[PDB]
Amino acid sequence: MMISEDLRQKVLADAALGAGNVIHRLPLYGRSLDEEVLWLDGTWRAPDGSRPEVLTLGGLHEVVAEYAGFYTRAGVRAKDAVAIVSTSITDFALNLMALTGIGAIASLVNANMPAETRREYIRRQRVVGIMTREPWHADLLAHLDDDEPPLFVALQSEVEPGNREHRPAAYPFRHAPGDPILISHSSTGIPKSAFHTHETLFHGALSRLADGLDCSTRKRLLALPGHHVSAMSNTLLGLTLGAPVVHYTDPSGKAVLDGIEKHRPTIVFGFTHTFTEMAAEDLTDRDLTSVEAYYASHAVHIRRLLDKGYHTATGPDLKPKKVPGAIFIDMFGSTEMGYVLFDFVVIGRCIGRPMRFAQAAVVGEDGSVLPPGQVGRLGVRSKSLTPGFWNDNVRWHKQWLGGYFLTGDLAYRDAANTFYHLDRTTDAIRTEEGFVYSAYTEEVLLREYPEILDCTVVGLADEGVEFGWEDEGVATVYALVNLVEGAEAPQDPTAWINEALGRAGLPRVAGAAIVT
Amino acid sequence: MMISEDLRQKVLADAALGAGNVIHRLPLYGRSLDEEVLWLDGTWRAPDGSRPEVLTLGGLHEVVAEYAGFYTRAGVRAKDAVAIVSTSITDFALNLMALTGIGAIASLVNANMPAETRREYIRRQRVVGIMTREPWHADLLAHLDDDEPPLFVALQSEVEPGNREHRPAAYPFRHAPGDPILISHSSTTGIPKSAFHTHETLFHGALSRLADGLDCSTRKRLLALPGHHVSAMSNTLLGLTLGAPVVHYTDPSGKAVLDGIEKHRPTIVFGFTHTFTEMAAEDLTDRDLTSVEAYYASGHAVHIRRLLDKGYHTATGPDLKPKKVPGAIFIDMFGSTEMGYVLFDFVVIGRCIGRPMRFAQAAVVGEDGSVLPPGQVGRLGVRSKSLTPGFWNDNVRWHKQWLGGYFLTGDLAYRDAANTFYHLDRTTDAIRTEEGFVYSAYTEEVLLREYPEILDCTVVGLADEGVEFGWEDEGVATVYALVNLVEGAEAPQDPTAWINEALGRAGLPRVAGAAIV
Amino acid sequence: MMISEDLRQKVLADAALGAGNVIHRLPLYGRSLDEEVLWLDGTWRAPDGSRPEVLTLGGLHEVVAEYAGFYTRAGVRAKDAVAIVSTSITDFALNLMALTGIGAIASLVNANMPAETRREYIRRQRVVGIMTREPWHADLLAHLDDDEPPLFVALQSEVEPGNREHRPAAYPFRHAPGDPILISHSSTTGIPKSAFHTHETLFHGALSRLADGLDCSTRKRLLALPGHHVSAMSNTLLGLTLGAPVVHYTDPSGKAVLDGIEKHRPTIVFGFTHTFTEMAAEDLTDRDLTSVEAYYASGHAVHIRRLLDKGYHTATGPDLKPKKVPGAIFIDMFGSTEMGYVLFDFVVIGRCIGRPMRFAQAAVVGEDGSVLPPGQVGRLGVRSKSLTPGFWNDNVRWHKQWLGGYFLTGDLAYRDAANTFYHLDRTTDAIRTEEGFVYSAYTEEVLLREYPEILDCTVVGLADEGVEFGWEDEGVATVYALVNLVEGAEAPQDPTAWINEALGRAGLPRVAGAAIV
């Protein structure tokens, strides 16, 4: 159900609302401190030692104020960056809410980032503190020997009840639109460190709400990576709308299916791989009729889960009618681009059409906007984009071409500005017959041969040859094919592959081998 | 004389015009390639070995295209930074036109920056090249031993006639508004901040004023500004855009500029305070400075009246007709490399900096960001599209420079009810006392006005161990004054009582001690 | 005293706040319904028969809701216009709050508008109702015989206690920025122009200034402005927003305001020139006017110094601390019903109108729209979001009032190089002569400054048949002066030579003849 007109008018009348002060505006709109708003999976230990499964608005405020006080007593000040090294969406969400309340910046770091890469990633940021948990605390203490060391490398257990007494007198911070609120890492070398502001991380959300979109009170289950911007924006967005938010730290298809039955969410958020693992499960006696839509951020056999549900539609009598099948919405985005710049519900993976608050284009190597049906670099423009890379101006401006921000993908568009993903710019292979787009070739084979489970296209050339999109050398293409259990191998896989590539029109690979 | 309405309409209709492509739009407006546009003082050596004194639009285009070819052959590509270590306004301006022509960024480094600091300053930027001249090329080769070294550390002599053949085929580059074009450094302690400017930001204030019928004359302008300051580059590019003769002078000595004024008879003169003060110390009895109608000082100067009385300004007489009036105009330019060029219009208690220009906001801000009422001392802050979008490779220092949504200038100030702002001190120079806060620059300005026998004055805070007494702190301290007296001037008997006599007349906190130097 | 940072942040965060809903946002900011907010002079009769002298926020809400109920029962709906024919600032302000509460438009009609003109003026608007008082209700009933008649021509006495029950259920109305709220008329010849203002436009200048820390004090303000001018309505709504005590005075006689100043001791006083000139003609020897720090005159006045010397203003002393200083401030308000309230900041050759405020642009424009350089006479033009979006039901006259993208004020003017503007004449009053153009207001201002024995002066153009000699024309004419002299003043022998003696000193064109009146 869409939010009420009263809440709509209050939000659009609140020029101060943004990603840095969400929870503090809710009481002003009339929300009750006694109402439950956030549901936890039990893996988060509160300051008093509890493992709460639900928090009220008042309780969420208290938990966040305690963290805010600990940071202030510890020496964190407005405009400082603090590294949250964890894997829990609840860890990242609560720390973000507390650091924004004092004007500081939560640098979300995936604790699983390879050790020596995480060291360089964090070192470059010149954060003033590190907040983490016991599995990683011992290695993160190494940052105290950096040329510019942080002030502390602490544990969340150090946040004791009562620490909220150290929070600044002016709590909560009043953000300016351009005040930073978080930093996030890309998915390849040292990841990029894009930062977002009180305005950018909530710009698309607010634009969509104004258009009467993405503004329901529907219960949502967030199984996204806790460090991805998508996990944070949807947490804050749910709280603003008045929608029950449910945090799930476990991304396994089995925990989600259990959580779906447990909480009965009307919508579910996860990454593509998560729902896949759910598809290969029983799903026989699984009751998944509450879900109307899955939001995913590379898929097959999804209808396995969708047929288990129902979507509401408008009937010939202009009255609501329940229809078989839930919805699946692939969400195109990253940490830099913000949550979503494209709406989509076939040659290539259709990413959809640009949302109202964004511009998109396929761009040549010079920056020129290309005509439809020509393959080039996907580029985007939006206020929801990151304003830049933390302490990395060199790589930032080089990510822009022709005034567009390069997504890192190659694609083409039709004449209605519907875009179609073909590959990552890096993964494109040049041959003597033309360019081969690995992601697209893979999807074609997985379509023509249901017998294939996983598929990978690779180029190979003489030692020293460069055959990427930006290089000039040519290569020959080879297919490595995993087969499903029970599937019979093909006497000649190469010919087997090249038969599907031919009947579909694609070029042919010089070799193939069943790995299975 | 104001630019023609034809040129005004062409500029205001050119949505592509910005700081990265000025020279390339001029031919499109109808400018002749044979017209002289830029006058040089003779210290710049061209690729052909000549030391030109004037360049035509076509000439300048060639020189610039030669440099652009050199940079492209050498490996420089769009969005790369290239450090220009020099002291010459003409060096910086020509390299900036060349690098923007191919989409690169000209980092302007004042060669006289202390070597240890200049080494760390350039290293943090991660430039792909260094362009310099012999006096510094030797020491700058050290950067090739950095962990991320430049591809080259070249001399401007390496630019040879014919290098233009190597420039890219899409020359000149088409800039997006947000594409960077320039990097400049702040002004003595610590590593300078590196502020970058875009195609749009560096020309936003000039285009806004032009739209309002301001700062858009064809008047001859002599530029004796430090070549590495934004101000030198924006005023060069602005002049070429208006069709105003631009005159570059590398020598800031008051004598060289006084000679330059008599040689070129400029209508307006751009310099920093030091240059204009040296000029007023000359005889100026047989000097013809009548051509000058306005001195622009970006620099805290006195005796400028010696130079203004020698000039004239135009005004509207009681018959609503032009009338020549004794006295050249002096415009104090409040700004920095980060604040852009000028966000305040000015031409008393504290140094008046003026009112904000239409394209800028200004406020006096409390420690928590609150906007203070008129009459209260706080931190000066500003907002404007002509502001730098950030510090190069240094977000940590960038956001810390904003408070309550205002970019802090580093000054303490107050405003009156007309939003006229007055400068009192640098925030770091204020000293808290048991009486109240003592503002150095203002306290000096007071004692210097009362006693013309005082050349310099320096207040200093003295406190016990661990005692901090700055603006951001809570401790109090005792002020000691150190006063340099004029030549042969008679020293007082009780200097501490002498100082406190003037501080008492103004009601200012008194110093605990004072001593002549 | 400046408003608190808490209120500043609530206002600047309220994207719904505008001129159509001020009173309804105040309770949301935390304002008490029991606080007194609006002081009335006793000439307004409330629905309960009382003649209140003060209204609380809750009180005002009730009165307004009563009127709103009356209008809704009577048929008024959102987007309808309703003519308010009156002379009382309180009449207009209360009706405006009521009509915007239901989405309707308050057309403010100065009841003293000549009856033939007022009939045609109201008819063109096609209002669905007329609200007035007894002195004019009779003649206004004629409108019921129009081809498109109003549903009612009512008296304010018809508003009865309990009418509030009839107000819509969605009360109060939620305004979009572009929703109209008000219509006002221009100022003697022809049918006045009817300019309308929106939720946004009428508060754009006040919110912009507030954002800059200006025009946002809690100071008591006595409003003796004409009730039908926008200025009276914006300053009322602005005061209520700041939490500043507002005092409505319907009597503009200098004596009533002098009595009002002593009664309320306002910090700032709003009036038109006529009121302030009458005040300076009183004894003012035993009058306490020290409370007033600033007079705002929207009106060409002299002897205002008699009133300013009786007041004080606050300033920052040499110790950077507040200091009381003799002399109240006088602010000339340049503006109209179309230009909004004030687009120029001012507090000599021509009447100085000041510099443009940040939220406005100004130019001197040639006959083809070209922006003129400083020192040239042209048509004054302005751009601003606080401008009226158009003339009600009269696009034909609306677009003809724009030239070169600037809204023409109807004045001739010049500017200097600092974009300070000076008024010379109304465009229609300029007279071309074989010598050159003669500007009436300026020519008068000159002769009135030279000869204090001159009370009034009027230049007049004389030319042969078919000869046109205005600004927009090409003919020349002979100027004849008509001079009213002070009481008992001695008439000159050669008045024509007397006048031409002063015109000659200033280099102005001389008159062909002159005669005392």
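Here the Cβ is made from the backbone with ideal geometry for all residues, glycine too, and neighbour counts use every protein chain on show. Bear in mind that the values in this text are calculations on the coordinates, not laboratory data.
Can you give the three extents of the C-alpha atoms in chain C along their principal axes, from longest to shortest, in whole Å?
Over chain C, Cα extents along the principal axes are 73, 67, 46 Å.
Could you tell me which of rounded, prolate or oblate describes chain A, using a ≥ b ≥ c as the square roots of the eigenvalues of the alpha-carbon gyration tensor, with rounded for a/c under 1.5 and, failing that, prolate when a/b is larger than b/c and oblate otherwise?
Details: a/c = 1.70, a/b = 1.40, b/c = 1.22.
Verdict is prolate for chain A.
Once a ≥ b ≥ c are taken as the square roots of the eigenvalues of the Cα gyration tensor of segment A:277-382, is the result rounded (a/c under 1.5), prolate (a/b larger than b/c) or oblate (a/b not larger than b/c)?
Working: a/c = 2.64, a/b = 1.87, b/c = 1.41.
Since a/c reaches 1.5 and a/b is larger than b/c, the shape of segment A:277-382 is classed as prolate.
Write down the percent of antiparallel bridges among all DSSP beta bridges whose residues are both part of the protein assembly as shown, to the nearest 5. Intermediate values should be presented prior to the final figure.
Values: 150 of 251 bridges.
Within the protein assembly as shown, antiparallel bridges account for around 60 percent of the total.
For a quick check: with amide H placed at 1.01 Å from N, whose amide H comes under 5 Å from A:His311's, ignoring anything fewer than 5 positions away on the same chain?
Long-range HN contacts for A:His311: A:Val323, A:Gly325.
Pull out a ≥ b ≥ c, the square roots of the eigenvalues of the alpha-carbon gyration tensor of segment C:62-218, then state rounded if a/c is under 1.5, prolate if not and a/b is larger than b/c, and oblate in the remaining case.
It is oblate, given that a/c is not under 1.5 and a/b is not larger than b/c.
If we count other beta carbons within 10 Å of each Cβ, what is the order of A:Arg167, A:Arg424, C:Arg31, fewest first? Spell out each step's value before the answer.
Numbers: A:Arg167 22, A:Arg424 15, C:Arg31 18.
Lowest to highest Cβ neighbour count: A:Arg424, C:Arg31, A:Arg167.
So how far apart, in nm, are the two label points at C:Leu462 and A:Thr188 if each is 7 Å from Cα heading toward Cβ?
9.0
Please report how far the C-alpha centroid of segment A:428-504 lies from that of segment C:134-167, rounded to the nearest whole angstrom.
Going from one Cα centre to the other spans 84 Å.
Determine, for A:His228, C:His166, the number of other Cβ atoms within 10 Å of each Cβ, and report the residues in order from fewest to most.
On the way: A:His228 23, C:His166 15.
So the residues, fewest neighbours to most, are C:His166, A:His228.
Over the Cα atoms of the protein assembly as shown, compute the convex hull volume and normalise it per residue, giving Å³.
With only Cα atoms used, the protein assembly as shown gives 241 Å³ per residue.
Based on DSSP H runs of at least 4 residues, each adding -39500 (n - 2.57), what is the mean residue ellipticity at 222 nm of chain A after dividing by all its residues, to the nearest 500 deg cm²/dmol? Walk me through the intermediate numbers first.
Working: 14 runs with 135 residues, N = 516.
Value at 222 nm, helices only, nearest 500: -7500 deg cm²/dmol.
Loop-only check: which trypsin sites (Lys or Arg not before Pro) in segment C:388-487 are DSSP coil with at most 11 other Cβ within 10 angstrom?
Filter output for segment C:388-487: C:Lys400.
Provide the FRET efficiency to the nearest 0.05 for the A:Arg395-B:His274 pair, computing r from the beta carbons and using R0 = 56 Å.
Efficiency computed from Cβ-Cβ geometry: 0.90.
I'd like the distance between the alpha-carbon centres of segment A:38-109 and segment C:443-508, rounded to an integer number of Å.
First find each Cα centre; the distance between them is then 80 Å.
Quick one: net charge around B:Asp288, please, counting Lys, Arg +1 and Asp, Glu -1 for every other residue with C-beta under 9 Å from its C-beta.
Numbers: positive: B:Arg265, B:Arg287, B:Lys310; negative: B:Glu262, B:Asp286.
So the surrounding residues net to +1.
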